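Order of writing sets the chain letters: A, B, C, D, E and F. Residues in each chain are counted from 1.
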Amino acid sequence: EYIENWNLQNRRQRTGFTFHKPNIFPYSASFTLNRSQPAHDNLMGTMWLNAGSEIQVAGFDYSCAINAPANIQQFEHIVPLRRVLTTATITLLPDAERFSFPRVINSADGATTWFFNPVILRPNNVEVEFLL
Amino acid sequence: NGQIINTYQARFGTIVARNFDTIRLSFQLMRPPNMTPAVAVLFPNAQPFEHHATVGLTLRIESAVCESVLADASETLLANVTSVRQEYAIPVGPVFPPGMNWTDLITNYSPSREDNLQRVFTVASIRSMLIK
Amino acid sequence: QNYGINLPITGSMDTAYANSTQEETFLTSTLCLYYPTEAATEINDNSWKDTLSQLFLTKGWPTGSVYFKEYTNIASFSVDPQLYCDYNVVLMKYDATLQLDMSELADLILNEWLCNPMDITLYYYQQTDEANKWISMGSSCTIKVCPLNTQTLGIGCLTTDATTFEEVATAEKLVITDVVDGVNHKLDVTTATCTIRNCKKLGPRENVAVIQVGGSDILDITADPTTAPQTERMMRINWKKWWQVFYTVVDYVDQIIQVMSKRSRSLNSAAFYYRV
Amino acid sequence: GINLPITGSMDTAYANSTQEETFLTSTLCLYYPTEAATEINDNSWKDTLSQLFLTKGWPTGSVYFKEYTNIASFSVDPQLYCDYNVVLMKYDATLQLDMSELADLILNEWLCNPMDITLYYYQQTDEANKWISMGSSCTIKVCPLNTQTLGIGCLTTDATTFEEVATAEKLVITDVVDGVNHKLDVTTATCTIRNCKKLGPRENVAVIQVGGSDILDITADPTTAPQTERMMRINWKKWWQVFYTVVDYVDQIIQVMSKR
Amino acid sequence: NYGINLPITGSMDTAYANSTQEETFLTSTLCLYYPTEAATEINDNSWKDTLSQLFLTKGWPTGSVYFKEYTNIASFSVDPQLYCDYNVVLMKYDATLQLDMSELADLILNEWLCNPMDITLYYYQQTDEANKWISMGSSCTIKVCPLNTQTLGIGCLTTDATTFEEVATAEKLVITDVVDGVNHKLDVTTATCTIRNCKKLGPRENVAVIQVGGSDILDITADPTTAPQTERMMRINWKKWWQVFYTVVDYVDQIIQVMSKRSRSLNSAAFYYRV
Amino acid sequence: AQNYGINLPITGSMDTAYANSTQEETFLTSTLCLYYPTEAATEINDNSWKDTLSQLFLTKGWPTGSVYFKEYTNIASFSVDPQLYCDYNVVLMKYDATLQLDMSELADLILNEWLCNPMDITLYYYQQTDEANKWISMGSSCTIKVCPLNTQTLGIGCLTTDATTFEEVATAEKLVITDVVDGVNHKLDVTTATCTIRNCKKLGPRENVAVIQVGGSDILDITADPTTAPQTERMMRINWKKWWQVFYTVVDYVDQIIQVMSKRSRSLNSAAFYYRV
């Protein structure tokens, strides 16, 4: 396969390498606080783990949308790729398992730590879009 | 690729940049330590600033050699491509932006769009040889 | 820089933890203890502020940073409790009779209230939702509250007669009136010795801790019956001598300041929302 | 309490808020002590309260008020039969066991059986088996029994040597040791006492305690003193604010209850 | 909110919003301060009713516009409180209290960061142009004695109190500016006056100033060089107050437009104690 | 049967079968003690209520001589020297409302393991090393007066020679658990004729005893720390009308009270050379 794609790209034709679980995502374990304060008792935003071929994302609200309009809080997570994948079979499951147990997490500047005690709702209105 | 190829410190006029894909302009505003009475009334120490300090630069690429195809002020090939696509009322396909928007074409300049653009510009150059 | 608009804040989950900086927190900030005026009678000293400040010197605070203030009782501290320093902690006696008034003072002290004025004669009044209260302070607040229907007719009351109103407060230093939300009400606040104020809690107040000294542990700081959250900043100690209470506070300065944050509204970063 | 599995499924749509339809088709009932309406001293306070309930989505003919004299007089036969019952219990420091056993009778659901004390001997089989006595005066004297039907620390004929657990009390919940039979000396002239067993708890009625700190050890063991979702307790100075707090927060109080 | 450091980008080609002025009227409050000489000349018991009914037709709801009364500019200067979302002040001018309006609008129109001063123990100084010493009370007699490096009063005696250099004499509210970088000794009458070492932050923009009568005589800045006339320093010539109140209620849409309710301070006060 | 003071790391599998019930053998082997106030035995009106209870304990599983009954007069006199003897201990104490620090200091002794050193007040100035160091004094009448020194052995607010300038943290109390500021050398004025004070270190909880508060609300603050008021598994409380309900409740629920406690961790042979008594 590699010498075939070598000879096809030596003449500038289209090639394809077939990968089983490709390492397209760099390791990026981080978060984002859309609503925050130094008390860290009413937070809102997303957390994610991009590793190997796996994205695990979890948006959390501490108020559980008690003051959001129509009791609905919209989350969003956009992952840009480095190379254009083609004909990908993707297992999409709800309920990200890594961000579902209580943990203490350093802040953005690394100064203090904040506590995260999650209870899990199911994801309402999932929209997964594949942008090119 | 993050490496400083060329640098220019307080040199204006025509400069040269041999190999680059990022342009970093780092200018700074220094308050003038000696000011005549016509200038000292502009910048008080207090809050109401009716005259706002502003410092600018202008950078104009006159000519450049690029490995990929582009558009410029010399050729008319993009104009020929858009004239053919607009004269015959052509539906929007999968690759090119609707209406051949060059801003949306160079905003997301993918390699498949690069290959299509180079092929169609080559055919436009051929027709511009024959048809005036 | 860049005040006003809210920004999303991202950060890696593998950033190194910072240093201890409990030292720098003690060496920068201030501290204010609030004891009842009878305590110095049991203490039997005129130079125990001089004593205890030397005791606070051991735990990192400098000499002129820990401040001591008085109040006569829980009722007359509730007339106007003005707390401003970097860390406030109040020591209150447990009276079994003054249960509600201690809960009222705790509700005032532990939450931040946006506060609009009220004019009793002029308008008709209603509460928007659950975070809206009518906080009245003064020498003697006697509040009678008359509900009105959708046509501004008296529900169980008559808007001419102030006697037929429904009495919710009688000669109290601090009242947090909660009425039903969405009903227009008419008021009978005696404004000569009282001042009622339409307030609205934005969140909790964090630069104050409440140490109640004796008794059983609860201060209901929420309005509804269905919850009464024992927060991290309210706490309870037992007493026989006050010296044991003061020594316990001086010992556990580190833990009591640890459970109290820096009051978000002080900070430069929260300037043009609600306090610079 | 069903036992045939209801399968269901995840990722199916959350239904809309039936809390309004819950309000339109139910009966909410306060229970206040007589001293409340003594301080209230209005002749039409039920009208003004019921219209304040009408603001919060309850219809006109859906809110009923029933008095009780005190905790002792409420415990002789409490009738809880609206679709949503809440009681307003004054806190007495002396009446502390009586509030606990009242809320034990009120909050939990009991399957009861009769008890003829003259004709039989009675053992408690279960942990959840208790003896519940109502009436005007319940003088309950209980003596244990060995295997051979002999009195343990009493004479099984003479009633003076018995061991009393209740002296002239309206409601008494008696827990004795399990597995041992007992001879009983209840006064059946005023007191009716029954052999009851604890089922699942009654999700109909909530208890707003009105006064001091919590005391309610409704479980018979010393180990657990669980503060459930309906052992609510407000502090107070005026009775009017006690009712206004209930009328304002009907959503959060109906929210922690269910129908029967 | 506390990550202020991240810059906001925006764009120069995005669309304008749909005129969020009517939604400003519904979710705000308005307190206009009037002197007691107004309420003397007004001659009505229910003129708040008449005016609030006129505010209703401008877009306000009923329960939004409150009025608060002060006696004069001297008594309002003792402890001025800004109670609600948009404040405007109606101050009647005369040529006597020419400074007592300049320093009052200096206190009202700016956000001040005040710290307490124990003048009986410590010797205080001013760090730059930004701080002043703002002293309020029923009577302030401020006497400032400047020292040198050796802690010796220049042109005065530290021990004797009659050789002092008085800055204010029997004044309700004082804003003293002294020489920056020189340690000073005080004789503020602490029984009837509290002096505070107090820095000047940015301006407070929920309150506007309406000088009713007189001339364009007002300043914020204590230097002689800058005497700025901001967008919410405004003035009205008066003959009767009814023209003034009708002028205020007619042009509410222009007076709010030079104010901002984002500068609400959670407290009615004006000084931000102990940061 | 060895390696008594080494603290070796065990390695247990997570697939080991669960052992048998062990509760019947615990009931046959060990001993139980029940401490009651003398007002109980006043209201009980019996001489042979001990045998009545012991036959009910026989029904519950214990043998006849395995359940021991001792008593005390009041909480103050039980707190003079609480020496709690047998394998499983549970104490019944009535909530006197006017005394609240007495019960909390009593359960501070009883529900914790205290490693304590002696003191000599005439010789030494005593500082507390950290938080688990307390000063526990017991006797007929303790009156403790503390004098904080500076770093030069000069008293802060107290003359080192005068004893009336000293300030008292407790007077006329049976048991006093004194917590002062850590790191400051202190002079004491304990009445050493009727009171012995000792330098104590809280190692951990005591594993063999529960406390049943008969009546009265939740008051127990074990840890002399204002922020934490822990409610452990063995601070039970019940409400009373007669004592017979209390005794029938503690006899009915032996299998819960023995369950929420364990054997004492020090009293085992395995804790041989870590402070065994």
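The working rule: a contact is a pair of C-beta atoms (placed from the backbone, for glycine too) under 8 Å apart; a residue touches a chain by one contact, two chains touch by 3 or more.
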Chain with minimal offset from the mean of all protein Cα atoms: C
Result of counting contacting C-beta pairs for B-E and C-E, higher pair: C-E
Distance between the centres, which are taken as Cα means, of chain F and chain C, whole angstrom: 37
Distance from chain B to chain A - Cα centre to Cα centre, in angstrom: 33
Where chain E and chain F are represented by their mean Cα positions, the distance between them in whole Å: 63
Whole-Å gap between the CA centroids of chain A and chain F: 53
Residues of chain F touching at least two other chains: 217-218
Junction residues of chain A - those touching two or more other chains: 36-38, 108
Chain C contact footprint on chain A (complex, rising order): 29-39, 41-42, 45, 47, 105-113
Of all residues in chain E, those that touch chain B in their complex: 129, 202-203, 220-221, 223, 225-226, 228, 230
Partner chain C, residues of chain D touching it in the complex: 42, 44-45, 47-48, 51-52, 55-56, 208, 211-214, 229, 232-238, 240-241, 244-249, 252-253, 255-256
Of all residues in chain C, those that touch chain A in their complex: 6, 8-18, 21, 203-204, 206, 261-262, 264, 267, 270
For the chain F and chain C complex, residues of the former touching the latter: 100-101, 104, 131, 146, 148, 150, 156-157, 167-171, 173, 178-184, 217-219, 221, 224-227, 229
